[PDB]
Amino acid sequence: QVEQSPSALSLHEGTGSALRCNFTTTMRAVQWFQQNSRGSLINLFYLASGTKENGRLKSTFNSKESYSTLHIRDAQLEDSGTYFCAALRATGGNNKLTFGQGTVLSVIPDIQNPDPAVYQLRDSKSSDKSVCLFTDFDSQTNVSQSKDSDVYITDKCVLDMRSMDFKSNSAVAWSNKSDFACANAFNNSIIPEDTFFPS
């Protein structure tokens, strides 16, 4: 296994950072991958030496000093995923890629006009069943998981209405219990004090 760092990285939308892989031996070449949420490895770079640039990405490989770096700039939401370096051991008889530990990259969405609100949504098949939608909060807000076992809270999730150039975060809460209401649905976490709780 190749030593890779950082193990995790949270990047605000539009900012930059760098990853690095240290090799304990001479490598023929190094590949860089972006494994998306779908689990598919996206080829980013093939380097035997020097520096290559691909859009907002940039990568360098130094075989003598036995390291490789990957630079991301102007971070976009689609850049999220687990980034891997992989190299061929020039001394290895096994023809195979040796992968780094990986960097889990999260791109913090930049929410321009936050509008925190918790809405109740009725089930299309029945008015009995319903969910609570904490939406339009900015990215600093963290959604705490359920402690009431029968209540269920999903993590936050950013959708992109591309035609309107609009981004928004949302998390969903639901329960079978009757005592559960949307007013205390996200009470376990710190929602903004100006959260719009409608009638």
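Heads up: residue numbers just count along the shown sequence, starting at 1.
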property: Higher-B stretch (mean Cα B-factor, as the entry records it), 74 to 82 or 113 to 121; result: 113 to 121
property: Mean C-alpha temperature factor, higher of 139 to 147 and 38 to 46; result: 139 to 147
property: Most elevated Cα B-factor in the entry, residues 21, 191, 11, 18; result: 191
property: Selection by C-alpha B-factor (highest) of 52, 162, 156, 64; result: 162
property: Ranked C-alpha temperature factor of residue 127 among modelled chain residues, by third; result: highest
property: Chain-relative CA temperature factor third for residue 174; result: highest
property: Third of chain Cα B-factors occupied by residue 134; result: middle
